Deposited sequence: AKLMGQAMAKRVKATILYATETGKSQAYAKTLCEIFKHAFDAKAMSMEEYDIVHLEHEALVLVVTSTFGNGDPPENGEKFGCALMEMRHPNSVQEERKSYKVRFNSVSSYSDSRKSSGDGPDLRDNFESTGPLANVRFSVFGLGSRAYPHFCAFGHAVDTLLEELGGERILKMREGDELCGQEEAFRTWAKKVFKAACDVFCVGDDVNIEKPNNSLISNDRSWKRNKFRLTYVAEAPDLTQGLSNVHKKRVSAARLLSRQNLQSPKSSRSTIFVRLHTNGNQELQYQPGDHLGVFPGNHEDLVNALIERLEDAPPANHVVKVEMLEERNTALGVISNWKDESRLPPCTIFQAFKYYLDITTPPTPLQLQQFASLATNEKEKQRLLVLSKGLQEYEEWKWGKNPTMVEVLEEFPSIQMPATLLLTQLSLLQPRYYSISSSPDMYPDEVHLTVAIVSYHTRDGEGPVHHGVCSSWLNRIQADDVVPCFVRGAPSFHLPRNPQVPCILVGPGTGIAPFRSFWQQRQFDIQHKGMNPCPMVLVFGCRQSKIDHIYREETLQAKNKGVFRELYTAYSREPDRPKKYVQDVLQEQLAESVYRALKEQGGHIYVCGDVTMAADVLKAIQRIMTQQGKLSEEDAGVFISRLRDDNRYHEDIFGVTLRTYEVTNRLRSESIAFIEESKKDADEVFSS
């Protein structure tokens, strides 16, 4: 029972928890026999016999487990569950089998969301009730301020605390450094077989990606708008992989703009032409009883391909470097002043914060700001993060549009340095806005069972969502419309609470919702204008408290109706207060009965929320929170 095993479990949606977990395993390799596994890869049957367990997990959606964390969270939730309390009740709330085990939790999250680091807190809370002995109190990493930084602190303490408790680490010492990057470690070797895009992305992200097809794209806003929102039609080609129900999302895999990809490639020192199928092989120095066995292997992260296809379809080249990545960049800088700035930023303290949040630098902008960096083709290919797919609410009814998938996409573009800097185009939205019909569209369907229309047609539904948060409601109404016209049903009509900036500029799908109302689908259509010169600023929160307070109340309290909120997390949080008020001031219930009534609706799946994350007033919201919390 020597060489204590340290099991590092992680859950992630974009790769941050996974990275930190790797870094954490590397550290524990010093005094312990450590392993880093995704929560889904791990077999819950070993847990009770685990000596030490370290959890690094983010939280997603509406205070939920990352998708690859759901199974593990249910499992715990199960072993621990005499009856009561739901996950949504205790951990995302409105205001022993593991005796042998020692653990500690680090959770990633954002103060921009209601239930900050919810999944980390549930796991942390749950391992303790199951009989586990917590080493360090749970620490939280805020994506808005010092996330990578707070990881180090905790990583340091927890290691020290583990060494102390297990009484090992009298030979491990006070301390880049690991599988980071080193020139005699990674090598790009030639290959003659380059997979197909959708097949390569399936390997890379361990899931089946189907090739969809672009049929058309149209502007949903006036040509006189400064903004742009596009209606996109895709042909699924029969593929049963792409079956969906109204409410579900489509995950899409973009391509970085070629110019940016090229600028980047033309800045590498030693790099084959940006065209030669090259696999990446790494010098892996294993270790045996004989001594140390060293040899070449396949990194096996990216599939065989040209560096161009790699930077274009598989690697994140626009997300600002983490402090770690800057550290590897620094040791490549050949200019005194130019290299110290790199080391100052490597800290993740304020300078980093200001630089990142101020310049929102792409990989290219960084190499160009510190032109004395000798960038190795293999450092990027192995250190950059994978290009993540972006999710989009499906905007079509599969009955009204068989073998078709529609999307409503806000075109993200903004100026850096608070309007002074150049333009940065969102990766997926700008891609979806320029692909041609011959272009393949890598995607998959991710069902959203908490956001499907009710099984019972005769109950009232209130659909709340500003801007593109209307996207899924378009599948709701098209679907209800088809039901009426062809299935011979008379479902209780619904109410739509939309919200935008200007009557004849932003009200997307206006006529389309009109036509749907005349057909019985909707009882009434409410709209909140926020930048109308002719009146005051109104938000769906307002339309709800000023013109539906009664309907809302009668719908939810007597008619057994449902309310659906979709879009920006700030709005959704506001809509939850507007409803808590309407419930209080329209039924005489304190912040108690109103809160518990809501908390009940959710419980019974009658209060639905589909969070897009932070999409509205991004600058002002991120700015307020960033500051206010440091």
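- According to the record, no C-alpha positions are given for deposited positions 1 to 8, 90 to 94, 109 to 130, 211 to 217, 673 to 688, numbered from 1.
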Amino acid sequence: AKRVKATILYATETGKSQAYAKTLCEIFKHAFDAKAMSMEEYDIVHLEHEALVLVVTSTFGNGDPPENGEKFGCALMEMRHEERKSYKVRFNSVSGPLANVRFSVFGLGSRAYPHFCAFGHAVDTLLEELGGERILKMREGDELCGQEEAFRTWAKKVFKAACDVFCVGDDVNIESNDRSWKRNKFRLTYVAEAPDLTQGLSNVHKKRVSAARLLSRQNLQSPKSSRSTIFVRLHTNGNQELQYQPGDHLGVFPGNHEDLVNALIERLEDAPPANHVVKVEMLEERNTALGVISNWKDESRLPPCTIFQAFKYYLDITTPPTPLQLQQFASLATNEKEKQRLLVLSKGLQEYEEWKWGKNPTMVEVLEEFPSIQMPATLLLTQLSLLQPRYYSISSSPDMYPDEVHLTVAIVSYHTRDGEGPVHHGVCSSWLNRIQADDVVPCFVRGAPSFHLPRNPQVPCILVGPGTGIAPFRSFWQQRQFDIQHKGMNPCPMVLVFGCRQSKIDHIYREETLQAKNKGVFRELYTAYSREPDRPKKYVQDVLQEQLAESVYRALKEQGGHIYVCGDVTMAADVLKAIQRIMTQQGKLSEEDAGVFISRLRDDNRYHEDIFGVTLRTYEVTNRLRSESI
From here on, numbers count along this sequence of modelled residues.
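- According to the PDB record, 591 to 599 carries the higher mean C-alpha B-factor of the two stretches 591 to 599 and 37 to 45.
- Higher mean CA temperature factor between 550 to 558 and 100 to 108: 550 to 558, per the PDB entry.
- When the C-alpha B-factors of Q328, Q199, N433, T318 are read from the PDB record, the largest value belongs to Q328.
- Comparing C-alpha B-factors across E140, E336, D248, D124 in the deposited entry, the largest value falls on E336.
- In the PDB entry, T622 places in the highest third of its chain by CA B-factor.
- Annotation for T57: C-alpha temperature factor in the lowest third relative to the rest of the modelled chain, per the entry.
- For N203, the recorded CA B-factor ranks within the middle third of the chain. Only modelled residues enter the ranking.
- Split the chain's modelled residues into thirds by C-alpha temperature factor. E129 is in the middle one.
- The deposited CA B-factor of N256 belongs to the lowest third of values across its chain.
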